[PDB]
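Below: the structure, in structure tokens.
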Amino acid sequence: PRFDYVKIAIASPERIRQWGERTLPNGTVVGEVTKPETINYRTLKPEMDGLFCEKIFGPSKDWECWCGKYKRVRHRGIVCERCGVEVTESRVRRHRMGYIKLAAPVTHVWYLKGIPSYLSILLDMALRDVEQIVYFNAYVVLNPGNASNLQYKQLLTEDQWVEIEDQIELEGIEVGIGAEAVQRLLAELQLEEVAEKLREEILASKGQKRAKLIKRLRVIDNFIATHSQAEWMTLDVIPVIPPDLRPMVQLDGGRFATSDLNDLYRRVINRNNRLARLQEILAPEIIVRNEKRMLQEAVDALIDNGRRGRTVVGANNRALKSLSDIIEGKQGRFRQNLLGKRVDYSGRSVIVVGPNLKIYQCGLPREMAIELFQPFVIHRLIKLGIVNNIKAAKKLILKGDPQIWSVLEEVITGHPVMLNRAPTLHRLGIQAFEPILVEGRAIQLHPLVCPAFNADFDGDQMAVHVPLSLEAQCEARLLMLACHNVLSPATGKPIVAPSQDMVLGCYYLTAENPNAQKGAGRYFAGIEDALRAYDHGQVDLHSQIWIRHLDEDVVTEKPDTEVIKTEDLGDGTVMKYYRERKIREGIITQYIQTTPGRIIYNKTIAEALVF
Amino acid sequence: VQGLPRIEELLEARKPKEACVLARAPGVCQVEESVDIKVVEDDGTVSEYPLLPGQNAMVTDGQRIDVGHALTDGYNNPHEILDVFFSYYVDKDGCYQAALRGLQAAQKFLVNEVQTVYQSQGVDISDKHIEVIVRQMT
Amino acid sequence: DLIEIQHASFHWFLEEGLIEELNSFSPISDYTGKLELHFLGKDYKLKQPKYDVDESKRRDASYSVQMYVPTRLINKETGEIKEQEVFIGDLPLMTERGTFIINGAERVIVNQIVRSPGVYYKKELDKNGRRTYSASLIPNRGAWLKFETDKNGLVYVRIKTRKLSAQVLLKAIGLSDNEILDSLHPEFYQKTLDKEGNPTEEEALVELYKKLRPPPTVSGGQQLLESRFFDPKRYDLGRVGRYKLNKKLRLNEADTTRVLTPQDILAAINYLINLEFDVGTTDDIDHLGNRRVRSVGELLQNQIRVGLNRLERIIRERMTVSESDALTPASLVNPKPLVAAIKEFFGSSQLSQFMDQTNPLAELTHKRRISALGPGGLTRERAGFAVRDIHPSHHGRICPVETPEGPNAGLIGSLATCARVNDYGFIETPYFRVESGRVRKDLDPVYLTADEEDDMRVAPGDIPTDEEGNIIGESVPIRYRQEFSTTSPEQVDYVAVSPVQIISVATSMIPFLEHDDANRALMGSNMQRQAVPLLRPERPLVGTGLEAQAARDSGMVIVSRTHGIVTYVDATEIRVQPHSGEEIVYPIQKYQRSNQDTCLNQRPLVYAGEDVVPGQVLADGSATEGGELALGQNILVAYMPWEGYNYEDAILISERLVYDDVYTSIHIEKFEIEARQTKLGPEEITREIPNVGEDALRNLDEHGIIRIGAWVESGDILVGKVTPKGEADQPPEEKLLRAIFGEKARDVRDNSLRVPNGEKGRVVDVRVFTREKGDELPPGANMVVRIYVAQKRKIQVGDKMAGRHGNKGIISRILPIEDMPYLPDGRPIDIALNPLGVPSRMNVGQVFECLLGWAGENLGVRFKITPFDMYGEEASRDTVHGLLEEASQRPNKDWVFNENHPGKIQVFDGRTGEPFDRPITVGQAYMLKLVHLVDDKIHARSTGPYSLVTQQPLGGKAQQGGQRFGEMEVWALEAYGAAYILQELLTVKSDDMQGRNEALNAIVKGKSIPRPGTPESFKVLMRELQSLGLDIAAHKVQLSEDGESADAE
Amino acid sequence: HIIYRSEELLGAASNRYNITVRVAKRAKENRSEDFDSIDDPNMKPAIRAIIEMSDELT
RNA sequence: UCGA
DNA sequence: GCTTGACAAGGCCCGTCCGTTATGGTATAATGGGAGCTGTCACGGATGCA
Ligand SMILES: [Mg+2]
Ligand SMILES: [Zn+2]
């Protein structure tokens, strides 16, 4: 559908179980994962309770349940009364989420071990103080009332609590350990009343610790505006990822390719079923305390493996992939699957220099163009009446008929193709071209776009991309063509220019060779008289040649306006002699001493700028 | 020889090892183990005693002191240009005009220092591309 | 011999390395003391292998041997000796070339350089304060002793944990107050004895246990300290650790090698105190005297040590549960944890690398690589600027030129030519003795082990010497204490033995190395290891002379050993008779597949009835000519720009290189298929496969497999295999189509092995490996078929060619011989290179090479020029121009040399027939053909496979993958106005199960549709954030309605 | 002369990101109007939208 | 590991 | 343009058969665990230590 904004908040335990429990035509819901079993070893079918269960996440095959007798498309939207699997599509398994009901609360590792440890800010404790209550290392006083020397939220050691047990003061003293005491300490908080208690402590006696009460006030004020509760930071219900996001496939040798999420999910349920077993048979308290500590470490390793404790491993000695380690890294879901994707209708090849070509034109081989433009060739084959479907067209393409290459010639005319070389530093590293079918197996690139792509012909490979829609073809032509990218986006200077081999051809053309004249000092009648004398053996490339040119816009190296060697003819006509010019003043005529190489260079600009 | 690490520490706004920026704009006449410069303002009354260790050189020659004229002979701290130009103008005019003149001195320092490094390597970069990222920082 | 770090290392393991590991493991005892088990390591069997060297490569096995030791199981009370040989493990043997064969693939063991064990001191300034001196006693295996010294005279001992006072460790090991101060200046030790108390022999073990293990016990403090440095099989200094302790600290005792002596800890404190008194040397971590190398004899000693420790736990867990007697000693030793320890080192470790077998130059180089990475070396992120630079102690030991560019720039080095590693693991260089200004070149060298820094004065091999009289030069440049200086020739001590002693065996194949830049000589040495073996190689004319030694040491050249008479020579064997069972047969391999898809063909060289010598070439290899090595061809070159065809490092060749079979190589590819066991039904290889007619069943012999010698093209069927299916979920469209014309579908599915795109050739080996024939098969397989297809590839447009000086390029045009320029005798030009890349990269030696090879072309003499001269300016210019004048003195060749322009002639144009305006330098260049061909770079995809989770297109040429549109490619289109191209590349081309169907249907029908749906990768991230405990959802801001949107459903 | 016709269309328009949408929205009308059997391979609907828009510009 |  | 008896074909349904599978038990005495980290550089907070 279409949405307008995305909002993120802390998931309440009533919200996590909303995704888990689904409505089924029966007395109870079945959307809870209770067993750590995934599938069977004999057949490749899952079990009725587990991480891959069909009664929770949906049917494995399309329109087929787990037990049998419903394997047709006639039954749509009903639930089998014998098994319990809804007969629907197999694409619903990647959208349904189960839940795991715990027997003991577990603090979230992002709020405890994070920066700046928002769980310890609300409790007005230290980082090491909350880390001793959680994981069962110290006791915290929850009711110090009617006692001689006891304080609220005071840490007690193991040897210190057994001394108060002998003294029964003579009243009701309540202590706690683990996350059951942290959840009780957060549930009895006063978030409406503690906000005005910190505001009167900032103005009066601030000192250096004014920023500590300011930072604590920012966390309390966020829980009132968002209408959240402070006890929601501890987890009672654990959500389960859909099973297609933790896939279990079988290789060719018979081994299964499991994920690291299945080994971390199984450690939670195996330690949760043991905790429910110890609490039923009235186990010793040193075993129940050790079981709840491993349940705290199993969920924290599932969320962020290696955040607080040691990093758990599996069979191989590498680190297991937790829920948080698939989004933060360079190989995470953000930087490898969302910002950058692998596209279809693409290809690559090595590049060779193509001279005798134009700009906005690239050389494209025949066996690569028949794969990139494959849906465009098939459409032209049915339109011309050669084939009737795709199976008759695909057999005609792979056969190698000469009529297929005549269809491919008529398709690529006017279809822009974006060329791309990695790495893409600036925006002119992706330009569009009009391809032509050439002979060979490499991309005939233009030598003028070589400083733009920063491409050298010693092993460079360039990626080829083909647009599909009609709006993408008009954007590649009007905005991304190579002819419209003369100027750089950084400065105002052009980059489409002669660089290496054409500068040496123009430097030698307009040079001055003082030995090979062969007819220097001759007068010619205009520009076209000297071009007709170069096709003959009359003049060389560097001969001193006087050219009758009546224009005044003549630029040269070290220009001058002074007149030296003034010579006067008869009838008042004066000759104005210069260093390179010879003007007959009263302007009648004007002769320019130059080389025929500079006339061929000046003729090339005339036929290119005047059309 | 320090082209690329200089542009990195300028955009990160890191604090250098040494910094000495005058807090006002007085008329300082230098009357000379370490050299000491006494700050006496003829327009004002209160003086200033700045810290100057022996490992720093001199830049001022006498009667030449701006509002944020530094004496470092090295790298300047861009965070110290803010609070000098802000606290000196928070009492004269309003706080919004003191923040506009404070951010303008920090903006002109960052653009002129990035262009200094890029021109030393023979690299042409237009000024309008640099000041867009400086606008996002200030 | 050039391979001595591999042959002498594995020979030491088979006689000293394996004996020492079994002697330290034996004997073992039980918990009570009933019986004892001790081995006899010095009497092992090492029986015969199972398969051949060539048979193990095609059968997918390993050239290994079985290891058996005699084992005596004795009992304490009852006198009984049970002698029985028990199987230990599978050990892969080293072949005759110095390599191993693991799972049918040839592998090498790269020598890894690490730090030597010993004591190292370092002056460290943690902040702007006083000068602090540290220490580090590194063992071969065990815990470290790091002694530090803070301000005000406080020396501390740190044993990872918090530091502690020096008197705590020095008194807990057992010492008195008078045995410390007599061998120590003791005035500096009074400052650290004041604020430390004064503990007794028993008043220090309690306080040591309270800080290391935070109740203290009088027996717990002794068992903790003894297990770290004094217990056997937990702390080892090594044979080289005892040698470095007696050299640095100048100790009198020796040959301990097992236990850390407590007198050595007192000497390390005494050297640390004296560093504040301005006496003593600070060690360097990058010095080669402090850096060791290890090889196969040492790396295998650590794998059996961690493999026998796992066997010790099972041998002690079986002599306690079984309380009864009369048990065999062959059941006490379980070979399973030790077999898996050797198989992990040779196949799953990082240091066992895939062998490069392109040419014999890359095979010789890969066995001599010195890499600083591995399990115990360095890290790719922990490598800095100081470890990648060249140390002054690398002169003659490690090659300063040959190193790979890119990520591993400086971490993977190469051994030099004359370098040698001793038994201690240090690199040595030979030197000639100089006595009173006279090089004593009469006796053996000295082989100094990097001890010439602070003691000796070493001159290189470039000084002009006389014939046994004296040295010609008066100012000899030397190196003394890592600094260069010029002293008198009577004051020097040693001189180098060769000018190629600094460079490696691959850099020495570059003629005129002194005229080329060091950056292009780095590229010229790497491109020489990538040259393919041609069909008919040719020896270079400007060779350096070292190609003959590298060909014999590669192992692919058959040499004589008997000094006999050759009797019979054919294309398969050579039969000679030895003289002063007398008929030996030398086998010759014909077109064997290599690791890099090249050939390993050998050709016979000798004839019948010829005297041979030990060390004579009998049959050369694929990339080896007669005697010397040959990696390329000598053809004409011209440095002239064509019409844009050699614009930016591009190559213009002629058509003469195509039809003369120049640069034509043979590539043999190998295909694989397997008839596995599907649980629905067993798969078998048949010929009658469905939906395939007679267009592909022409080369099958009624068995489903192709024959030998059949020309296969792209799209054929090599092995026809069927697979049973049990779906039975036919759509209603296919049920109506089948009911009309009949032809009910079978239960099988065609899974035949087919030829990939752009692949062709001739089938040469159709070897089938099935069961009940004498070979082992993997589980879940009935028949294994292996197909080898050979093809003959010519030189085409797009291939990457290079020379010996780093002038790489890609051919863009192949012109006919009438369009190429021609010499004034009528001979055309093969290559028209670009002269613009020469002066910008300082490639001057390639101009000296072509101008000298052109002199050797008209004379036919095949010059051998050694690098690094002779008289200055009289040995390179007047050698080339002097020998070009001798070729012009012939009466038929007067156009070769000109007086005005010496290294130039007049070249005529081939198209118009007119001469060019300026003379062009011509010559005979030696170009190579690299492995980066145009066939391996072609890839295209319309629609293929997809990913498992994100439903995105895959990546890879061998699996029909798509090109990645990364983050830098989005920023270019975002800087453009291409918003519709960016939405198309992210939605209808990747990660949309619905949008890809409608976009493909729109092109075939002819009416495109806008508005693609939500991509799949965003919905995966939405479900992953909800599993992290975050209530994240998408809403709508419409009028009086704030409802959550269902992106998934 | 197609590249000379595109530079005249991008000029005198004051927004180069807006006149390229009118070309893409006119090429879809030329494709739906060319649904008959006559199909010119040289004149694509994307190219015909640029020539027809430049003739009405003048 | 190797190419740009 | 429709209709009826006849002849097999085959899917569920309901019994038992035996391989498969979950569960509980065995009585000399046995009583705190191994395996690496020790050569990266810079910046920003957070303790903690006077
Ligand atoms: Mg390049
Ligand atoms: Zn069912």
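Chains as they are written, first to last, in UniProt numbering: chain A, 7 to 174, 180 to 597, 602 to 626; chain B, 980 to 1011, 1016 to 1121; chain C, 11 to 169, 171 to 195, 197 to 226, 229 to 594, 602 to 890, 892 to 1071; chain D, 11 to 68. Beta carbons: idealized from backbone N, C-alpha and C, even for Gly.
- Between C/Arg140 and C/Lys174, the alpha-carbon positions lie close to 19 Å from each other.
- For A/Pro446, the beta-bridge partners assigned by DSSP are A/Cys373.
- Close partners of A/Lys504 in chain D (Cβ separation under 9 Å) are lacking, with about 20 Å as the shortest Cβ gap.
- Under DSSP, C/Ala640 forms a beta bridge with C/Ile572, C/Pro625.
- Rounded to the nearest whole angstrom, the CA to CA distance from B/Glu997 to B/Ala1053 is 11 Å.
- A/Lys220 counts as exposed, since fewer than 16 other beta carbons sit within 10 angstroms of its beta carbon.
- When only Cα atoms are considered, A/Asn281 and A/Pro42 end up about 7 Å apart.
- Listed by position along chain C, the residues whose Cβ is nearer than 7 Å to that of D/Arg36 form an empty set, because the closest Cβ is around 14 Å away.
- Between C/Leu83 and C/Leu47 the beta-carbon gap is near 6 Å, inside 8 Å, which marks them as a contact.
- DSSP lists C/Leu387 as the beta-bridge partner residues of C/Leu392.
- In the DSSP annotation of this structure, the continuous segment of the alpha helix (DSSP H) that includes C/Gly255 starts and ends at 253-262.
- Taken in chain order, the members of the region 472-489 of chain A whose beta-carbon sits within less than 8 Å of a beta-carbon on chain D are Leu481, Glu482, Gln484, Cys485, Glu486, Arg488, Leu489.
- DSSP, read as helix, strand or coil, puts A/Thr609 in strand.
- For A/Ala466, the shortest C-beta to heavy atom distance toward ligand 1 is below 7 Å.
- For D/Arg41, a Cβ of chain A is located within less than 8 Å of the residue's own Cβ.
- Relative to ligand 2, A/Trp69 has its C-beta separated by 7 Å or more from all heavy atoms.
- Looking from the CA of C/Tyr285, the closest CA among C/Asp250, C/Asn323, C/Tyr130, C/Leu721 belongs to C/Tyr130.
- Less than 8 Å separates the beta-carbon of A/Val136 from that of A/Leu118.
- C/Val310 and C/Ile184 do not touch by the CB rule: their CB atoms are close to 37 Å apart, not below 8 Å.
- Under DSSP, A/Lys394 takes part in no beta bridge, so it has no partner.
- The beta carbons of C/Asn323 and C/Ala644 sit no closer together than 8 Å.
- When C/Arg614, C/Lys86, C/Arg775 are compared, the shortest CA-CA separation from C/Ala980 is found for C/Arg775.
- A/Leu50 sits exposed, since fewer than 16 C-beta atoms from the chains shown fall within 10 Å of its C-beta.
- CA-CA distance, C/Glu693 to C/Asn803, rounds to 14 Å.
- In this structure, C/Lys86 and C/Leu50 do not form a Cβ contact; the two beta carbons are roughly 19 Å apart against a cut-off of 8 Å.
- Burial state of C/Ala355 is buried, judged by a 10 Å Cβ sphere holding 16 or more other Cβ atoms.
- Under the DSSP definition of a beta bridge, A/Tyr11 partners with C/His1057.
- Distances between the C-beta of A/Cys59 and the heavy atoms of ligand 2 are all 7 Å or more.
- Pairing C/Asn121 with C/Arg308 gives a Cβ-Cβ distance under 8 Å.
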